[PDB]
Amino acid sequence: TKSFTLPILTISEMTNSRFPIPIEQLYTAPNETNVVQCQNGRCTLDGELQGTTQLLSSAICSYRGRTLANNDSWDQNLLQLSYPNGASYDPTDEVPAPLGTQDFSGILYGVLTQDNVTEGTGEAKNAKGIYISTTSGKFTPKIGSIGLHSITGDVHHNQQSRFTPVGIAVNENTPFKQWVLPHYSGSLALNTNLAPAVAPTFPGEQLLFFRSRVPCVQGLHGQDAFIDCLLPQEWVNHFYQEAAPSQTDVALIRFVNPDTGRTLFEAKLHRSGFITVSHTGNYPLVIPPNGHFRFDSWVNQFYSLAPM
């Protein structure tokens, strides 16, 4: 059997699998009312991608397609989504939405670029500041269309356009809810083909998250906007490449200080692609910057982790 492995990376050498920014922290907390069911960054340990997960961090929360004028004060345009190649999106694919589609509720902010303009048009005149809100009835990426609310710049009708994500935004009636999935089909249909929700099931355990601060371009004054993922993008890509057979349901892993060899904590890496630790309460881990994970062994369902 091909041996299971992890890449050797410090946490600042990891990318959030739900937004194209580096990991900053490890964080554990109880689920309490959150249904932890993100659709990006989902991969089994033997290499099966799930949800809307694909391999490129530069495609997470990125969209492209053709703009269409829309008679609405919020979504002045729609984006008719296309694959990177240029073909129209196919809603019959067995996925929740185009791969990389945002998997949090609220407003995604970024920049739309369109047909290039002459230099004399002015500075950054082919850059449009855009809000993509999931509370809009026009957010229907599974059907092949999303709504664009423009803030700066004139969005041209019927031009091949790219959206580059920058951060999130909170306005007066649209909170940022990272654990509330969008309705990928709007009100036409419920979500389909979802990666499963995850939770600790062993006494005393909590999920462990790879945590980043996402830029927030409106609202959340004096507050941190966090985006938490279950696997860094580098682990998704590693498991996809390696496709090592999963020998049990749980891979025992440990986070070590490479200088002293000390185990800072051990953790369960579940075969469906998430981590639990033995802890009770909200806890941003205090860990040395050079620490990294190592794979120990495949364990059974009744392994009791050392408290951390």
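Sequential numbering from 1, following the sequence displayed.
>> When the Cα temperature factors in the entry are averaged, is it 82-90 or 159-167 that ends up higher?
In response: The stretch with the larger mean CA B-factor is 82-90.
>> If you average the CA temperature factors as listed in the entry, which stretch comes out higher, 201-209 or 129-137?
In response: Higher of the two, by average CA B-factor, is 201-209.
> From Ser187, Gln102, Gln218, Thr113, which pick has the Cα B-factor that tops the rest in the entry?
Replying inline: When the deposited C-alpha B-factors of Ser187, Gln102, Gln218, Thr113 are compared, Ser187 is largest.
>> Sorting by Cα B-factor within the chain, modelled residues only, which third would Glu234 end up in: lowest, middle or highest?
In response: Lowest third of the chain for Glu234's C-alpha B-factor.
>> Please say which third, lowest, middle or highest, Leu68 falls into when its CA temperature factor is compared across its chain.
In response: It falls in the top third of the chain.
> Would the CA B-factor of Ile107 place it in the lowest, middle or highest third of its chain?
Replying inline: CA B-factor rank for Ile107: lowest third.
> Comparing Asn16 with the other modelled residues of its chain, is its CA B-factor in the lowest, middle or highest third?
Replying inline: Lowest third - that is where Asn16 ends up once the chain's C-alpha B-factors are sorted.
>> Could you place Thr118 in the lowest, middle or highest third of its chain by Cα temperature factor, using the values in the record?
In response: Highest third, going by the recorded CA B-factors of the chain.
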